[PDB]
Amino acid sequence: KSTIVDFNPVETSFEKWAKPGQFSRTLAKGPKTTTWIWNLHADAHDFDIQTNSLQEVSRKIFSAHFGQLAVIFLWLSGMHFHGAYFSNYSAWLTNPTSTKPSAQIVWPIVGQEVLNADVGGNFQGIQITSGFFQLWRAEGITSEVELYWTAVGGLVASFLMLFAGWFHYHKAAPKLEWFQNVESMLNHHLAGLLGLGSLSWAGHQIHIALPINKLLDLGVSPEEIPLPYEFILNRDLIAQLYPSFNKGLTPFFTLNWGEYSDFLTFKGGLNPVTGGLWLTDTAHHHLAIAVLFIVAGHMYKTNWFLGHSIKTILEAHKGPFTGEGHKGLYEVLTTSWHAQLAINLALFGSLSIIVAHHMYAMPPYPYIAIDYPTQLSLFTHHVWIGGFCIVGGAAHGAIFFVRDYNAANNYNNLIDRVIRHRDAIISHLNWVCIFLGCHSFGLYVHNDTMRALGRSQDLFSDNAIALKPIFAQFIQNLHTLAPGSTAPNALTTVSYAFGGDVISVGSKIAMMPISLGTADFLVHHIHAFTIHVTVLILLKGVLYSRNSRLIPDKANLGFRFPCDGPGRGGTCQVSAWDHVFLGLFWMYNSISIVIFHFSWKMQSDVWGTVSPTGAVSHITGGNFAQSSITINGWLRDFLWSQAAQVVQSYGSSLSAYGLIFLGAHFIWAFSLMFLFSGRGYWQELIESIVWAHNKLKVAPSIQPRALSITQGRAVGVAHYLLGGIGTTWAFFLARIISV
Amino acid sequence: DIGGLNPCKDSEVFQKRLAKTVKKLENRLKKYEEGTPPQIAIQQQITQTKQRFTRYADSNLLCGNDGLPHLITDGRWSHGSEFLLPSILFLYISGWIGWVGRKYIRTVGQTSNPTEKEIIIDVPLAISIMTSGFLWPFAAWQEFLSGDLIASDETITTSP
Amino acid sequence: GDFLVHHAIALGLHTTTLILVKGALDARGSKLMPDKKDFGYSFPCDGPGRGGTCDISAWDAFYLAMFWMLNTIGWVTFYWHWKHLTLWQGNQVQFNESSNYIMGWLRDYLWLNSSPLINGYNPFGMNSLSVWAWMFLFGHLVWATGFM
Amino acid sequence: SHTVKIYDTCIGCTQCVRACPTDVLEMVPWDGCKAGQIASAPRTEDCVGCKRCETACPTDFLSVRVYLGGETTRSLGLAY
Amino acid sequence: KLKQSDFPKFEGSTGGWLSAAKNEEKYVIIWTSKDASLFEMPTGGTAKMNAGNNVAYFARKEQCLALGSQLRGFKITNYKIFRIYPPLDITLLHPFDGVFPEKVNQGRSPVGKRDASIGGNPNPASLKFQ
Amino acid sequence: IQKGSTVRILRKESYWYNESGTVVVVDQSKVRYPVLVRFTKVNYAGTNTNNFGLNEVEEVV
Amino acid sequence: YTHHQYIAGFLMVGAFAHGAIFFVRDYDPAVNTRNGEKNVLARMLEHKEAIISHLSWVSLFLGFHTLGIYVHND
Ligand code: CLA
Ligand code: CLA
Ligand code: CLA
Ligand code: CLA
Ligand SMILES: CC1=C(/C=C/C(C)=C/C=C/C(C)=C/C=C/C=C(C)/C=C/C=C(C)/C=C/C2=C(C)CCCC2(C)C)C(C)(C)CCC1
Ligand SMILES: CC1=C(/C=C/C(C)=C/C=C/C(C)=C/C=C/C=C(C)/C=C/C=C(C)/C=C/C2=C(C)CCCC2(C)C)C(C)(C)CCC1
Ligand SMILES: CC1=C(C/C=C(\C)CCC[C@H](C)CCC[C@H](C)CCCC(C)C)C(=O)c2ccccc2C1=O
Ligand code: SF4
Ligand code: SF4
């Protein structure tokens, strides 16, 4: 009878496994039409409509989190197992600059063995662009046995998380008060999870990754490198590489932290041997992060007369312009899972995009900057994940507004005041979007039409009307001057992208000053415009989710509904879901432009080879500066030019990329059937098909119905995203692996 | 011969294709070492390529000017193994599938909960019906004769 | 290749005919709307009721079949133009070999013959084909505004 | 303004009237059904065409039918 | 603070009526509440009722009726909606005969009633050029 | 026709036209559509029952 | 060739659209029916389900197999 958990709440039985749709009150009666099948999967994780108790929803969410973490652990275990058994990691360790990472071999069936490429190191397989080899090298993993043991540990951890989910749904489910301890949860997630994870990783780096990687960079082969445990039992194997361990932990406890400058450095730049960040800098960074997060975890009052109450902090932040201020926000975020999901997903996607930027900007792994496929894939993948997560955060904000928003509890607070002037916000955001689009894109079109008319001096180019990004160049200058002036204890700039020397590893450029000209001005304003339009769609969905001048009772129709009818001139897509659908489209557009800008700019003005005398030759040859300012330039010098490797991949080991290119084109075009058409035509065609089936006595008892309007839109957008992202995926991968 | 094509056994371009593929595979084989699994895999590829080309040559297959086997599907039994025999095989298999599906639909359509037995299959009855589809050509021309294959006017029609 | 593309043309013709004939016959009513004749040839819908009635009018059948007509005419004209480009250039073996698979079309017709068009104006100069490149981009833009 | 017609298949279940967002339909006495009531459309000038009325109709092919016609600031749902 | 004492304690929203409800028509909903309950405006956000007479103005009949439907959740039933033309031309709209349209009242005549089902509608070809 | 009888729907604008249903109750009052028929197949609106006139239903033998 | 083929497609779609318009607004079942029996045009609305079902079957057949052969070659 614990005060935090309920014991044996749900019986572990297979009876409900044999009753599909048991969770829903409407679906439990059984299918009558094929719409029931689709409704079954669309409501599976909508725990809000399955129970009327916040406690049950919270417990379901907790167990679902455990299942998701078990799935993630299984995926990581699979990655490590493939590295251990079906990879050339050992060969890549001895030749990182000449062996391509491969960790998946393809069975010899139907002639598909051509996919096993010549990745080097007496190996055949698919080249890997996830950068696991570089990460494992940075971890100090020098043998495939360690990868096997990490895979075994991942399997054990996945089983543990599965057992935890089962235990906390069926044997000991926490109570609502336990879930609502946001102060305790924040304290623990900030100190324990974040800070202690940073501290543990700093310890691992210092004791395992720092010596092993230093020996690897010194040229010591992985076979004669001591086993990682020997660096702990023997204080002399690590005190030779870093002659500060001879003093032990006495400098730490005597506040003489200057003695540890051997392995806790602040250098900046990149390791000249590997092209990645100095691992001493990384260990010092993780140590500082650990201390900062542990300190930050002692902020909120949990069980003693010590710390802050988030309710008292929010309620004190009022103002003349904001009425009641943040009063009621604590009740909103402690009684609505959707609001928490909105905030967490938005910040999580933004964090993913920031991670993507800082990855290539400052390569943190050895021999990852010179693996161009890995860098391109990591950036594009993380930016895509960030965009998807941001759209999801907007969607769940809209869901909270529709479902969990209480008008009485939010009288004259920030949420109320935002809804009260939603018109002004949306109208000014509309004006900003029109201004930004007009300018950015019409400058592009003006360049295109001036070039087409033979007026080269009328373009918005560097040798013409020039739009120099002076503000960004000022920041670039400030960073390259930071070491010794504003960061006096730095030896080198944080990233060579801001300026400095060309860093090359094995005649391949790792990082180099990224010059910003009029071409970068236009593409940056294109980014701003696309982001603003996506924000416009999502914010219009969130703010007008409850009511509008069209439908004053839109909240009574729910978050997900197709329309209110053909009246009022037509009320299609007025939902808030139909705004997360359009916003998904515009996020695809924005992220596609972002990754295109990254790919072309890097290939044209960063990546390449360096001659022995110091001459820099890039992959494309600097065509970004003069040919990325017109749409015809993007079509020809980027799309047409770099699509050569994809279309000429047939018969080679990259033929799978051409096949996926074609299939993604097919899927993207397939999406337009659902996006352009309507439900009535398909229902009436199914009518004649059903007539034929009845004529042959083969009409199913479950009456076949065309997909609902909302499901038609969902299928269309899912296929559109899959096709477009897969086309860009195949194009990028084939292009950056070939060259 | 038929349509201006020639047998692949006497098509020079066919042998040129075989030689070029084998040469590419051997050049790939040259860059690996000893009896290592990559060399074994490439050698197996070479052997399979040679076997496939030899089988296509000795298969009554007509090759065009590009040295690729062309299919003669006008209906003549001479090239009957290209389309006609696979056509019969597919017709048998697909008729089996359709017959067992229709029989299952009509069988569980006379129970208390026909819709339940469509998402949750009666595996015993399903297995009973599925292995009975080998007589689908005979069953179809024994149910059509009895009038049990086609509905007449209980089928629904739209307004016009 | 001619065989396969003729079957593609037949598929396009049959699907366009299916859409148009279905719209014509179902114009006076169906099960979802047994009084469609009372609403005229062109009306938006019958509402979200009865499961949803988007694009239920006969005009919507024309609207959907226009896409299929454009696709079928595109297939026909692609086939004709590629066949005649290979015939005029002399490399009829290029069509006879690469026309049997989709990537052959994408690489040897579109990607191959689009090179002169896109270089109608470059950062170095322009040709009398510059107007055609501008019209190319204009058509892409109007296509995507239609997508809007 | 749109046109709304009521047909004698009406069973007087009132679901159309309580679904109208603009107070167009009302229940009036009748002798053609068990409930003794039939829907009426005396305020079609306020009809917006949202067709919520016939989404709540349980009869087989509807007893209330909305025929969209000429548009008005009331029928277009214009707050401006 | 506010023009009239019977107005709900609303802080004003940029979602209210526009120049249309000054030269074409405006709609006013009146009701009496026992408690100063906090309710959501059909236009903007949260407003506070008056413990007594309450009067609200809107640009559409649908907005007033949505507010009235919300009022039913507060056990408020006596709400009445009027239409005001550009001058003070008041016309009672929603409780037209004092009884809600969902309840049958004597004195109502059927409007728009056809004495046949849908299938009895005339063929459009016979309704050409009239 | 009576309760439990099987009838064929003759109404053309019906989701169950030409189909067979089960009569739930035939009203003896002066209503226009007294016959209430229940069907196994739900219509597009989800309902599985409807009131029919005496001349719109034909009893199955 | 391109101009005339595009014009041809437009004209065919217009022919079918105007056939649909004739069905909606000009077709009279009474004129095309004599004592219950229906004439050659009115009978097209009786087996309309058969026509649409077989058009759908032909379209699915051709699409499935043309795409299958093309993707097999790919
Ligand atoms: C220092 C203590 C501590 C630590 C380390 C964590 C760590 C975590 N919590 Mg958690 N939590 C804590 C205290 C702590 N919590 C307290 C005190 C409360 C009550 C307010 C909660 C309430 C809570 C909820 C409601 C949820 C979490 C979730 C999570 C996970 C977030 C997912 C993630 O970042 O993946 C990082 C993943 C890893 C690093 C994998 C290794 C982590 C393992 C499992 C150690 C977990 C520590 C655990 C608390 C020890 C208990 C053991 C048990 C025998 C008592 C993460 C594993 C979320 C989640 O995913 O649910 C499962 C979630 O929904 N926590
Ligand atoms: C932490 C992440 C997270 C979580 C927990 C949720 C959770 C939820 N979301 Mg949500 N969402 C997210 C991210 C997330 N979402 C993101 C990133 C987006 C933007 C795209 C959305 C957009 C979104 C919408 C628009 C809606 C939800 C809804 C929901 C709720 C019901 C979900 C359900 O039943 O789906 C069950 C799961 C499925 C139906 C799976 C569908 C399969 C997907 C679409 C395809 C995946 C393809 C995959 C990549 C493989 C393709 C490869 C190919 C080759 C085969 C639930 C509370 C719905 C709701 O009603 O909320 C109350 C709703 O309407 N969400
Ligand atoms: C190439 C196709 C295309 C184009 C041009 C646009 C353009 C636009 N969309 Mg988008 N959209 C598209 C496809 C496209 N969309 C697709 C496929 C979808 C489906 C998901 C959407 C969905 C969508 C939504 C949901 C939203 C937009 C919005 C916008 C507008 C953003 C404001 C802006 O930049 O206006 C400026 C106009 C342009 C940049 C277009 C070109 C104008 C030129 C360059 C300058 C002026 C030329 C001059 C006037 C010509 C005069 C001569 C002439 C008279 C002969 C803009 C009109 C948002 C909106 O309403 O606006 C705020 C919005 O909310 N779109
Ligand atoms: C000689 C042939 C012919 C004739 C006499 C008619 C006559 C008629 N048709 Mg018809 N039609 C035709 C061919 C023909 N059509 C073809 C070929 C098609 C297939 C595309 C159609 C499709 C069609 C439909 C779908 C409909 C009609 C309708 C009508 C009737 C009203 C027309 C109307 O309102 O126009 C209105 C005229 C316009 C809206 C102008 C549209 C102009 C288009 C958009 C092109 C202009 C853009 C231009 C190319 C700019 C270039 C851009 C630049 C940048 C390059 C009328 C009886 C309508 C009706 O109600 O019938 C009873 C109806 O719904 N027709
Ligand atoms: C990779 C991976 C994995 C593994 C992992 C691991 C292996 C981990 C480890 C971890 C660890 C191994 C951790 C540790 C930690 C520790 C700690 C965190 C400690 C701390 C301590 C402290 C904090 C103390 C303090 C103090 C006191 C209290 C008193 C005296 C003074 C002083 C200050 C010292 C797995 C398989 C799962 C899955 C896959 C991935
Ligand atoms: C082979 C040969 C021959 C023959 C040929 C032929 C016989 C052809 C035919 C052809 C044909 C035979 C064609 C046809 C076509 C058709 C079409 C193209 C149609 C269309 C239709 C439509 C469009 C319809 C419309 C409508 C509707 C929808 C309904 C209402 C009415 C109307 C009519 C309006 C000869 C001996 C001479 C010589 C050479 C060889
Ligand atoms: C075709 C179509 C239908 C009909 C589509 C249906 C009935 C879907 C049928 C799906 C089948 C029955 C199952 C899926 C079969 C696939 C082969 C499985 C997916 C492939 C896997 C690899 C995932 C609609 O209902 C619709 C509704 C609204 C707008 C547009 C449309 C629309 O375009
Ligand atoms: S069906 Fe399509 S069009 Fe008709 S109302 Fe619903 S959404 Fe608007
Ligand atoms: S449309 Fe249907 S619902 Fe909207 S008002 Fe007119 S009748 Fe009432």
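No Cβ is skipped: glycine too gets one built from the backbone with ideal geometry, and neighbour counts run over all protein chains shown. Every read-out reported here was derived from the displayed coordinates using simple, explicitly stated rules and does not represent laboratory data.
With charges only on Cβ, +1 for K and R and -1 for D and E, what is the dipole size of segment E:17-101 about its Cα centre, in debye, rounded to 20?
160
Report Rg (one decimal) and Dmax (nearest whole number) for segment C:1-54, counting Cα atoms only, units Å.
Calculated on Cα positions, Rg and Dmax stand at 16.0, 48 Å.
Do the alpha carbons of any pairs in A:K16/A:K697; A:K16/B:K117; E:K113/F:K12; B:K30/B:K50; B:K23/C:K83; A:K175/A:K311 sit beyond 25 Å of each other, and which pairs?
A:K16/A:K697; B:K23/C:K83
Under 5 Å between amide H atoms, partner at least 5 residues away or on a different chain: which partners does E:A47 have, H built in plane at 1.01 Å?
The list, which skips near neighbours in sequence, is E:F39, E:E40, E:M41.
Based on the Kirkwood radius over alpha-carbon pairs, what is the Stokes-Einstein translational diffusion coefficient of chain E at 20 °C with 1.002 mPa s viscosity, in µm²/s?
124
For segment B:9-101, what are the per-bin percents of Cα-Cα distances with bins 5 Å wide, up to the bin holding the maximum?
2, 12, 15, 14, 13, 12, 11, 9, 7, 4, 1, 0
Answer rounded, prolate or oblate for segment A:559-612, using the Cα gyration tensor with square roots of eigenvalues a ≥ b ≥ c: rounded when a/c is under 1.5, else prolate when a/b is larger than b/c, else oblate.
Prolate shape, in that a/c is at least 1.5 and a/b is the bigger ratio.
Do you know the relative contact order of chain E, to the nearest whole percent, from alpha carbon pairs under 8 angstrom that are 6+ apart? The partial results should precede the final answer.
Numbers: 180 pairs, mean separation 30.3, N = 130.
This gives 23 percent for chain E.
Build a GNM of chain C with springs between Cα atoms under 10 Å: which of C:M66, C:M126, C:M103 gets the top mean-square fluctuation?
Highest fluctuation among the options: C:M126.
Can you give the FRET efficiency to the nearest 0.05 for A:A64 and A:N406, using r as the Cβ-Cβ distance and R₀ = 30 Å?
Numbers: r = 25 Å, r/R0 = 0.84.
Calculated transfer efficiency: 0.75.
In nanometres, what is the gap between the two model label sites at C:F78 and A:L672, each 7 Å from Cα along Cα-to-Cβ?
1.1
How large is ³J(HN,Hα), in whole Hz, for each residue of segment D:55-72 in order, when computed from phi with the Karplus curve 6.51 cos²θ - 1.76 cosθ + 1.60 and θ = phi - 60°, using x for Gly and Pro?
Here the 3J(HN,Hα) series is 6, 9, 7, x, 4, 4, 9, 6, 10, 10, 10, 10, 10, 5, x, x, 9, 9 Hz.
Each label point is 7 Å from the Cα along the Cα-to-Cβ direction; what then is the distance between the points at B:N60 and G:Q5, in nm?
3.8
To the nearest whole percent, what portion of all C-alpha pairs in segment A:335-439 is separated by more than 24 angstrom? Display every interim value, and only then the final one.
On the way: 2622 of 5460 pairs.
Across segment A:335-439, Cα pairs with separations above 24 Å total 48 percent.
Given a Förster distance of 56 angstrom, what is the FRET efficiency for A:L196 paired with A:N95, based on the Cβ-Cβ distance and rounded to 0.05?
Details: r = 37 Å, r/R0 = 0.66.
Once rounded, the FRET efficiency stands at 0.90.
For chain B, what is Rg from Cα atoms divided by 2.2 N^0.38 Å, rounded to two decimals?
This ratio for chain B stands at 1.73.
How big, in percent, is the set of alpha carbon pairs in chain C lying more than 22 Å apart?
Considering chain C, 60 percent of its Cα-Cα pairs are separated by more than 22 Å.
So for each of A:431-437, A:14-20, F:51-57 I average, over its residues, the number of other beta carbons within 10 Å; can you give me the resulting order with the highest mean first?
Final packing ranking: F:51-57, A:431-437, A:14-20.
What's the average, rounded to a whole number, of partner chain beta-carbon atoms within 10 Å of each residue's beta-carbon in C:135-145?
Shielding by partners across C:135-145 averages 2.
Give me the net charge for the shell around A:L329: Cβ to Cβ below 14 angstrom, other residues only, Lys and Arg +1, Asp and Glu -1. All intermediate terms of the calculation are to be shown ahead of the outcome.
Working: positive: A:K311, A:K318, A:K327, A:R417; negative: A:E315, A:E324, A:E331, A:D404, A:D416.
Taking every other residue near A:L329 into account, the sum is -1.
From the P(r) of chain A, could you give the percentage of C-alpha pairs in the tail past 35 Å?
When all Cα pairs of chain A are counted, 57 percent exceed 35 Å.
Take the Cα gyration tensor of segment A:544-666, multiply each eigenvalue by 5, square-root it, and list the three semi-axes largest first, rounded to whole angstrom.
For segment A:544-666, the ellipsoid semi-axes come out as 46, 19, 12 Å.
Given just the C-alpha atoms of segment A:1-59, how large is their convex hull per residue in cubic angstrom?
Per residue, the Cα convex hull of segment A:1-59 comes to 92 Å³.
Would you list the membrane-span-like helices of chain A, meaning whole DSSP H runs whose alpha-carbon atoms span at least 27 Å along their axis and whose mean Kyte-Doolittle value is at least -1.0?
A:54-85, A:144-166, A:337-361, A:372-403, A:422-452, A:518-543, A:578-605, A:655-676, A:709-738
Using the 2.2 N^0.38 Å rule of thumb for compact globular proteins, work out how chain D stacks up: its C-alpha Rg over that value, please.
Ratio of Rg to 2.2 N^0.38 Å for chain D: 1.08.
How high is the relative contact order of chain A, in percent, counting Cα pairs under 8 Å that sit 6 or more residues apart? Working shown, then result.
On the way: 1090 pairs, mean separation 88.0, N = 739.
Over chain A, the number comes to 12 percent.
Averaged across the residues of A:14-20, what count of C-beta atoms belonging to other chains lies within 10 Å of each residue's C-beta?
Across the residues of A:14-20, the mean count of other-chain Cβ atoms within 10 Å is 1.
For chain C, take the longest principal axis of its alpha carbons; what is the angle in degrees between that and the long axis of helix C:130-147, to the nearest 10 within 0 to 90?
Tilt of helix C:130-147: around 20 degrees.
Long-range amide H contacts for A:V5: which residues qualify at under 5 Å (H placed 1.01 Å from N, peptide plane, sequence gap of 5 or more or a different chain)?
Amide H neighbours of A:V5, under 5 Å, 5+ apart: A:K175.
Please determine, in degrees from 0 to 90 and to the nearest 10, the orientation of helix E:61-72 with respect to the longest principal axis defined by the Cα atoms of chain E, where the helix direction is its Cα long axis.
So the inclination is approximately 70 degrees.
Averaging the inverse of every distinct alpha carbon separation and then flipping it gives the Kirkwood radius. What is it for chain F, in angstrom units?
Numbers: mean 1/r = 0.0882 Å⁻¹.
Computed over Cα pairs of chain F, the Kirkwood hydrodynamic radius comes out at 11.3 Å.
How far, in degrees from 0 to 90, does helix G:2-25 lean away from the longest principal axis of the Cα atoms of chain G, to the nearest 10?
30
Find the relative contact order for chain B and round it to a whole percent, using C-alpha pairs within less than 8 Å whose residues are 6+ positions apart.
19
Within 10 Å of each Cβ in A:451-458, how many Cβ atoms from other chains are there, averaged over the peptide?
4
Grab the other residues whose beta carbon is less than 12 angstrom from that of C:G1, score K and R as +1, D and E as -1, and report the net.
Residues near C:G1 contribute -3 overall.
Kindly write out, for segment A:492-509 in residue order, the coupling ³J(HN,Hα) from the Karplus curve 6.51 cos²θ - 1.76 cosθ + 1.60 (θ = phi - 60°), rounded to whole Hz, with x marking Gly and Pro.
Result, ordered by residue: 8, 4, 4, 9, 6, 4, 6, x, x, 9, 7, 9, 10, 10, x, 6, 10, 6 Hz.
Once label points are set 7 Å from the Cα along Cα→Cβ at both A:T312 and A:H188, what is their separation, rounded to one decimal in nm?
2.3
If I take the Cα coordinates of the protein assembly as shown and project them onto the principal axes, what are the three extents in Å, biggest first?
Cα spread of the protein assembly as shown along its principal axes, largest to smallest: 106, 97, 75 Å.
Where does the charge balance sit around C:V21 when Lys and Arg score +1, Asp and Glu -1, over other residues with C-beta under 13 Å from its C-beta?
Around C:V21, the charge tally is -1.
Could you order the peptides A:273-280, B:72-79 from most to least packed, using the average number of other C-beta atoms within 10 Å per residue?
Final packing ranking: A:273-280, B:72-79.
Highest mean first, what order results for C:131-141, G:41-51 on Cβ atoms within 10 Å?
Details: C:131-141: 15.4, G:41-51: 17.0.
Highest mean packing first, the order is G:41-51, C:131-141.
Taking 22 Å as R0, compute the FRET efficiency from the Cβ-Cβ separation of G:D28 and F:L10 and round it to 0.05.
0.45
Gap in Å between the Cα centre of segment A:149-182 and the Cα centre of segment A:540-576?
For segment A:540-576 versus segment A:149-182, the Cα centre distance is 40 Å.
When Rg is the radius of gyration of the Cα atoms in segment A:1-156 and Rh is its Kirkwood radius, what does Rg/Rh come to?
With Rh from the inverse mean 1/r over Cα pairs, Rg/Rh is 1.18.
Express in whole angstrom the spacing between the alpha-carbon centres of segment B:1-45 and segment B:66-119.
Using only Cα atoms, the two centres lie 36 Å from each other.
What do you get for Rg/Rh of segment A:462-561 when both radii come from the Cα atoms and Rh is the Kirkwood radius?
1.28
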